[PDB]
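These protein sequence lines map, in sequence, to chains B, F and H. Going letter by letter, the first sequence gives residues 1 to 495 in the authors' numbering. Going letter by letter, the second sequence gives residues 1 to 495 in the authors' numbering. Going letter by letter, the third sequence gives residues 1 to 495 in the authors' numbering.
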Amino acid sequence: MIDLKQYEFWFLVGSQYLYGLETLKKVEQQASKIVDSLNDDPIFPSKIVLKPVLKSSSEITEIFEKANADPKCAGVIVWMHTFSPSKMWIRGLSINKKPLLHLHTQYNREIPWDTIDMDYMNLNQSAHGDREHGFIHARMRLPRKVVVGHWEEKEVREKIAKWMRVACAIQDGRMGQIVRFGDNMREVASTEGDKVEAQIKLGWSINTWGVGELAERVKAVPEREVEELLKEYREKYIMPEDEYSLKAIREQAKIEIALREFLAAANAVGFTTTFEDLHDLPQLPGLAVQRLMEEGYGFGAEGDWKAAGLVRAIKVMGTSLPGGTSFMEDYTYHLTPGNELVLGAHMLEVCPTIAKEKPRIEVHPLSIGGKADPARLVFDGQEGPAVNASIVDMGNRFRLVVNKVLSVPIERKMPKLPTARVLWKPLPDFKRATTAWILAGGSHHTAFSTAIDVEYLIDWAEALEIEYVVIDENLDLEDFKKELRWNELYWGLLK
Amino acid sequence: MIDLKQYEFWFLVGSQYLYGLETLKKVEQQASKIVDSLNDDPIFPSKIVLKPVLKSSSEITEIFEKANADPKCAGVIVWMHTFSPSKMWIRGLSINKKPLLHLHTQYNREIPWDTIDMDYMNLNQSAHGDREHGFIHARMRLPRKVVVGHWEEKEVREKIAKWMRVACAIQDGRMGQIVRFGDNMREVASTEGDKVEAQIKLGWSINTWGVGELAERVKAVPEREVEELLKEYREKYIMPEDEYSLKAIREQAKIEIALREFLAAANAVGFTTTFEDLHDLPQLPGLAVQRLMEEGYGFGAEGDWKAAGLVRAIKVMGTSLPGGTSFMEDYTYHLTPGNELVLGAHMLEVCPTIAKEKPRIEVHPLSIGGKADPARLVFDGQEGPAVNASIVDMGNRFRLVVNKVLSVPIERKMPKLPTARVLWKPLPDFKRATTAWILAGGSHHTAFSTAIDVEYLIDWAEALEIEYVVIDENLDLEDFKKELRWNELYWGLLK
Amino acid sequence: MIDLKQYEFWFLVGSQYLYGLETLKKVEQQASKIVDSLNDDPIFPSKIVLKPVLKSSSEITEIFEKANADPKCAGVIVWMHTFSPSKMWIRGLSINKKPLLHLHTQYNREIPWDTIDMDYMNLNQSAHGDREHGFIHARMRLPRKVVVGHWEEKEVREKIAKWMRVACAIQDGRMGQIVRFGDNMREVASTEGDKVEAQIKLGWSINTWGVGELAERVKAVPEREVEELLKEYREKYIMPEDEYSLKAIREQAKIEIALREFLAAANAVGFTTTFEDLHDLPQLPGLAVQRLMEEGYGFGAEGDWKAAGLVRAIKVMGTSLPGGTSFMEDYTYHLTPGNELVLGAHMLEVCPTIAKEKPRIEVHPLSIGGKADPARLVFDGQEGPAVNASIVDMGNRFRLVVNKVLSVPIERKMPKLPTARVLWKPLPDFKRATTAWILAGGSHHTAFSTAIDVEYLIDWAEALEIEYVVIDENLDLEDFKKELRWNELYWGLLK
Ligand SMILES: [Mn+2]
Ligand SMILES: [Mn+2]
Ligand SMILES: [Mn+2]
Ligand SMILES: [Mn+2]
């Protein structure tokens with residue numbers, strides 16, 4: 001299980017040397033009083049680390065040097081308790097690459113109306129303290145998330161925690177590696193992209209291996225390791241009796257063991273396969289992909305590493321109780337006028353986290369790629385609102401298209417449909433949302449997620465400086481059309 | 001053994017309907033008198049086709065539509081015999097994608113000083129005829145090659161023939177397809193690129209197949225086919241006797257037959273392999289690659305499809321008597337002050353077209369990629385001037401770096417060097433040319449060619465509208481730096 | 001007396017994990033053999049530090065992270081001994097801000113013609129090793145200096161040592177701070193600039209203090225410190241006898257002690273004054289400024305902090321045997337047709353490092369700013385070639401104009417001219433060079449230097465990514481005109 005907990009966020013308080021050493025300790029004590037009570041709230045998925053109050057420029061750059069060196073650091077929260085002049089922060093901000101969150105707050109809620117004096121205004125320079133700081137950010141063209149509100153309020157705490165999840169989701173991508181077993185499906189364009197621009201912009205390291213490398217590991221698996229997987233399969237899934245149905249289960253278990261060993265040996269965070277190139281593999285890898293995705297490993301099919309990396313990062317985001325992130329492909333539509341829906345599924349690989357029922361193992365005739373009927377997990381989709389994202393390469397840059405959707409319970413049964421399925425409504429209308437998905441050039445391979453909001457992906461794209469286009473409920477098609485071309489030039493030369 | 005005499009070039013003469021029908025037939029007859037004598041000259045590698053003199057705009061667009069419809073047409077040569085207004089050419093030029101050559105010429109060399117009358121100035125309106133025509137090209141931002149001179153002169157004929165060779169080299173790339181057996185070498189950047197923008201800009205269709213697909217073909221080869229290859233090997237090459245050296249020759253022969261069968265079935269023009277992904281292949285492809293390159297198939301190693309496609313197109317260019325094009329890798333330097341050279345070779349694959357002596361088959365221990373000692377062709381390089389080109393992906397666009405070099409004869413013999421090799425001097429100085437190659441970001445995999453001049457690649461880049469940077473003798477390093485940065489923005493927004 | 005020696009340069013050797021651990025030790029030992037012999041050469045003004053050969057991406061980023069943290073590191077020298085794939089370097093190059101020098105070299109000069117085998121070719125993969133590396137720089141648009149040649153040759157060593165001096169000149173500016181005593185001269189434009197954009201681009205921290213701050217320190221100077229300065233003055237300079245001339249010497253001595261106390265307390269590297277705002281100061285700072293400039297402190301007059309910072313960095317460059325850097329103001333011309341010259345001087349402040357004769361203390365009536373006759377050093381200019389540079393603010397960016405000049409000996413003496421003076425010829429012609437200086441918008445305050453070449457400032461501007469325009473002998477006025485407009489948009493949008 002790869003779940004975030006080790007990542008820490010560096011809370012940063014600012015001051016200057018042109019102050020008395022007595023009032024600085026009051027700021028240090030108050031900052032401890034804020035960050036410790038912040039750690040008392042269980043909403044934050046990671047710890048906070050208060051660092052000594054900064055007064056000179058050299059201290060600023062010294063702390064930022066340590067922020068980029070420690071891999072356990074995945075973000076910095078900056079808050080000006082008092083007036084800290086910004087020209088001290090220039091050299092420090094010109095070196096850091098960790099995401100920034102600008103917390104605008106004052107520790108005391110109300111104003112002591114009868115006791116506000118000049119010795120208190122000198123301490124609580126909150127209003128005009130970071131306004132000068134935000135100028136230096138807007139000036140340096142630096143990407144950051146701004147959040148305003150009193151730290152005791154819940155709304156600001158939710159915003160800063162969502163930013164924490166995103167600020168570490170990019171880190172599980174700068175460190176990790178994406179593995180390709182076979183190249184892209186031939187003549188497919190949306191799955192292709194510039195592998196170097198991903199390392200330069202997103203940080204996603206990406207490499208390709210021949211599938212025979214996997215075929216070496218799938219056969220060299222011990223026999224008493226697949227039975228410990230079969231007892232787990234029985235405790236959670238499994239089809240009737242010992243027939244040819246269980247032969248595919250043992251084959252999928254042997255592939256699962258090979259994949260876990262391989263991805264562990266090469267520090268992987270996501271992987272992708274191809275269905276027309278898996279020789280010496282006795283069967284198309286199914287169920288094992290769902291087993292690896294159930295932990296956290298992102299996956300894309302047909303060579304699509306775009307979707308694999310997006311699914312991995314967006315799975316690092318949605319990691320808590322309302323979890324549910326899967327690799328999706330919009331498969332078919334339901335064109336009734338009043339209740340037009342869309343049924344999403346794949347040929348085999350759908351993550352069992354968005355499942356509503358008991359994940360049921362099934363095997364069915366599947367001639368795609370020409371092997372033996374592979375196993376798969378079957379379940380109905382989850383209810384409620386969700387998001388459907390897709391990153392696609394635009395030649396000179398990447399763009400992230402995201403559609404907010406409302407998933408609905410399945411009304412009718414499907415006896416002959418072998419793969420797990422979800423039904424949802426694209427907001428606002430199927431016609432508008434789908435014609436906007438087509439205008440933006442969104443790929444067919446998407447990242448379905450019920451655990452996160454559009455706020456998450458918006459902070460992801462803001463932190464990585466890539467184009468984002470959202471398809472909210474207030475979607476006006478013509479204004480979205482203008483938005484596409486106005487964005488096309490901003491991200492082209494500037495970034 | 002695919003050659004290029006089938007391609008034809010469409011000669012296009014311009015006039016207008018606002019003229020007498022009598023002098024238009026004089027223009028038609030004069031154009032026939034020029035084009036027939038043009039076909040009589042054997043310097044041109046392809047035929048010319050005179051099409052009826054154009055007078056109206058609809059005729060213009062009709063001819064250009066047939067130019068985009070006929071696959072045998074690979075270029076259009078435009079010449080204004082009389083004043084043809086350009087606004088008729090606007091709709092015709094706004095639809096064609098075939099390369100344009102602007103022939104500026106007068107059918108008669110001298111001026112009839114004693115017989116120049118108004119019926120002759122009205123006929124031979126060449127001087128101010130295409131001056132108006134070139135304006136609509138500069139205006140429409142249309143790429144074309146401009147050539148001025150009398151068609152009887154040899155210099156102009158050399159220029160137009162080089163343009164013909166390039167204009168058919170691009171067609172063997174818009175139609176053909178490049179095949180990849182395995183992806184790129186892991187973590188390598190200069191060999192990687194955007195496969196979609198390559199189809200959009202250059203037209204090179206590109207796809208990837210698993211190496212097991214080739215391992216299927218290598219084993220089902222008939223037996224009486226390998227000895228028919230060994231007799232041809234003996235007629236030209238071959239190593240002593242059957243011990244362990246003749247086994248690898250038959251292994252390479254069955255690989256050659258498998259590659260021929262595969263590449264012919266999928267309309268291929270170039271192919272690329274990888275040394276760390278050759279599962280079920282008993283031996284690294286060597287001699288067979290050189291055998292295919294000797295005919296015309298372009299090749300790149302370690303997944304480099306950039307070099308493979310460039311080698312294929314530049315082999316289509318250099319196709320006649322002074323032939324000599326190979327896939328090269330700058331392997332090692334010779335740093336003596338007065339006679340500093342560079343030794344280029346590969347691990348196995350060097351085309352036997354640049355060979356000077358008899359290609360000698362040799363087998364030597366080669367542990368790269370972990371297979372059985374493969375066979376290879378050994379020979380010394382050719383003398384005289386040559387060029388060394390490389391196309392590389394710059395994120396938003398491709399750029400073509402080309403170095404003019406002077407090859408020198410090999411002074412000493414190399415008993416322990418197993419691969420064929422070439423020695424050359426980069427113009428003007430090794431320091432200047434190599435530091436400019438590094439500034440421009442040229443790949444290590446290059447396309448060495450002795451059959452063509454820099455004019456060829458310059459018309460290639462002019463016709464495809466990609467950045468080209470030359471390393472001529474007139475190389476001033478600081479101006480080259482400024483050239484790189486000034487070019488980065490013209491090809492950035494405009495194209 | 002602040003010079004350089006503490007700065008260290010990190011030599012960086014590249015390889016990959018996909019190699020045998022035995023042949024990696026050969027590279028480590030060979031790199032030690034190169035860097036130790038490099039430290040044996042006294043041409044290099046700073047030390048070299050070999051760091052373990054890098055094989056994985058994480059080691060790359062670890063080294064670059066520590067390079068930005070250690071303040072003693074002022075540059076990184078990169079050299080690919082073997083083929084190191086570039087995608088490993090992406091995360092490492094995307095974090096460092098230290099200047100890069102790309103050393104292209106092979107440890108052995110000639111080629112072992114009779115002993116070149118695959119076990120030697122696998123070791124010295126230098127030729128095609130860093131070509132792949134330079135591609136990742138061209139791709140990431142990262143600024144760097146490329147140097148090609150064998151490390152035993154002296155010319156390449158001269159290039160790399162000049163880059164070392166420049167790479168540490170920028171560090172004494174990212175850390176240091178510039179002090180202003182009074183603002184700019186009123187209504188003057190060329191001295192003005194954006195104090196924030198200087199910290200963002202050049203790193204120069206800049207702040208202003210009232211002149212009364214200096215007037216407090218000038219009066220509380222101990223008495224037995226100024227006579228201890230007068231004895232040294234006698235050892236080097238001094239005017240006849242104790243009269244009104246020595247009163248100004250004691251005034252300059254107390255000003256010098258006050259400046260020494262002030263600038264050291266606030267980590268200063270340059271300072272600037274103004275002549276129309278010196279309240280409570282009994283005398284305009286003269287001789288004391290020359291005494292501080294003789295050590296290393298940069299200085300600009302009339303509030304010009306551009307010239308002060310430029311003089312400081314350009315003094316850090318020219319610090320060894322051929323020393324000689326001063327603050328200059330193009331003061332008057334000599335308009336004879338064949339020998340048109342320009343006489344450069346100021347009202348008081350000319351550095352005694354460019355002096356040819358014995359610096360003679362003199363006092364003369366000077367009504368500028370309304371104080372008491374200040375002291376000054378008088379001497380004739382130096383011979384040989386020199387450069388005259390000037391950085392100027394262009395609204396959105398800075399540009400660096402530099403004029404190559406040839407200094408000439410003074411033919412006649414000037415009895416009534418009170419300030420030290422230099423005579424030189426602007427290359428190629430005074431008309432061309434001065435009309436190009438006016439076209440480029442060069443300020444009247446310049447940085448005259450005899451210790452450095454144009455190569456130094458060209459690497460300064462290349463490392464800081466600012467526009468540079470040179471006025472060498474190869475000055476073509478029309479080409480310079482086009483160069484200005486082509487640079488304006490490249491440095492306007494891109495950087
Ligand atoms: Mn699919
Ligand atoms: Mn290679
Ligand atoms: Mn691209
Ligand atoms: Mn002045």
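The beta carbon of each residue, even a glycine, is placed where N, CA and C say it ideally should be.
Let me see if you follow: with CB-CB separation under 7 Å, is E465(B) close to chain F or not?
no
Would you mind telling me which residues of chain H sit closer than 7 Å to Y333(F), beta carbon to beta carbon, in chain order?
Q106, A127
Where does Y120(F) sit, in a helix, a strand or coil, going by DSSP?
helix
In chain order, what are the residue ranges of uninterrupted beta strand (DSSP E) at least 3 long that sit wholly in the stretch 277-306 of chain H?
Counting whole runs of 3 or more residues, the stretch 277-306 of chain H contains the beta strand (DSSP E) stretches 298-300.
Note down the Cα distance separating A463(B) from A189(F), rounded to an integer number of angstroms.
Each residue's Cα considered, the two are about 25 Å apart.
May I ask you to verify whether the stretch 330-339 of chain H touches the stretch 459-477 of chain H, counting CB pairs closer than 8 Å and requiring at least 3?
no
Give me whichever residues DSSP pairs with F9(F) in a beta bridge.
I48(F)
Span of the alpha helix (DSSP H) holding residue 548(F)?
Residue coverage of chain F in this structure runs from 1 to 495, which leaves residue 548(F) outside it and unanswerable.
I'd like the list of long-range same chain contacts for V226(F), defined as Cβ closer than 8 Å, with 5 residues on each side in sequence excluded.
Sequence-distant Cβ neighbours of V226(F) in its own chain, meaning closer than 8 Å and more than five residues away, are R250, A253, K254, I257.
With distances taken Cα to Cα, identify the nearest neighbour of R399(H) among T115(H), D277(H), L484(H), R217(H).
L484(H)
Could you check where the alpha helix (DSSP H) with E227(F) kicks off and where it finishes?
226-236
Tell me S390(B)'s beta-bridge partners as DSSP assigns them.
Note: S390(B) sits in a beta bridge opposite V401(B).
Return yes when the Cβ of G182(H) is within less than 7 Å of the Cβ of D36(H), no when it is not.
no
So, is the C-beta of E256(F) closer than 7 Å to a C-beta in chain B?
no
Whose beta carbon lies closer than 7 Å to any heavy atom of ligand 3, going through the chain in order?
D194(B), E197(B), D393(B), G395(B), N396(B), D194(F), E197(F), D393(F), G395(F), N396(F)
When you measure from the CB of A463(H) to every non-hydrogen atom of ligand 1, does any distance come out below 6 Å?
no
Strictly below 8 Å CB to CB, what residues from chain H border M394(F)?
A138, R139
Round the Cβ separation of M394(F) and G303(F) to the nearest angstrom and send it over; I've been treating them as touching at under 8 Å.
Incorrect: roughly 19 Å between the Cβ atoms, too far for contact.
Enumerate in chain order the residues of its own chain whose CB-to-CB distance from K236(F) is below 7 Å, with the five nearest sequence positions on each side excluded.
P359
Whose Cβ in chain B lies nearer than 7 Å to the Cβ of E197(F)?
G395
Determine the contact status of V401(F) and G344(F), defining contact as a CB-CB distance below 7 Å.
no
What are the residues that DSSP puts in a beta bridge with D172(F)?
In the DSSP secondary-structure assignment, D172(F) is not bridged to any residue.
Whose C-beta lies closer than 6 Å to the C-beta of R397(B) among residues of the same chain, with five residues either side of it excluded?
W491
Reducing DSSP to helix, strand and coil, say where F262(H) ends up.
helix
Return the chain-ordered ranges of every alpha helix (DSSP H) run that is complete within the stretch 59-131 of chain H and spans a minimum of 4 residues.
90-93, 118-121
Any chance you could list the beta strand (DSSP E) runs of at least 3 consecutive residues sitting entirely within the stretch 339-393 of chain B, in chain order?
341-344, 360-363, 375-378, 384-393
By DSSP's criteria, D330(F) is part of a beta bridge. Which residues make up the other side?
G344(F)
Looking at chain H, is there any beta carbon in it that lies within less than 7 Å of the beta carbon of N96(B)?
no
Examine the Cβ distances between the stretch 143-156 of chain F and the stretch 278-286 of chain F and report whether three or more of them are shorter than 8 Å.
no
Would the beta-carbon of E329(F) be found less than 6 Å away from any heavy atom of ligand 2?
yes
Distance check for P337(F) and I111(H), CA to CA, integer angstroms please.
If I take the Cα positions, the gap works out to 13 Å.
So with CB distances below 8 Å, who are the chain B contacts of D194(F)?
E192, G193, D194, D393, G395
Which residue or residues does DSSP assign as beta-bridge partners of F181(F)?
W209(F)
Are three or more beta carbon pairs between the stretch 361-377 of chain H and the stretch 432-449 of chain H nearer than 8 Å?
no
If you drop the 5 nearest sequence neighbours on each side, which residues of the same chain put their C-beta closer than 8 Å to that of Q106(H)?
Closer than 8 Å at Cβ, skipping near neighbours: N124, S126, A127, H150.
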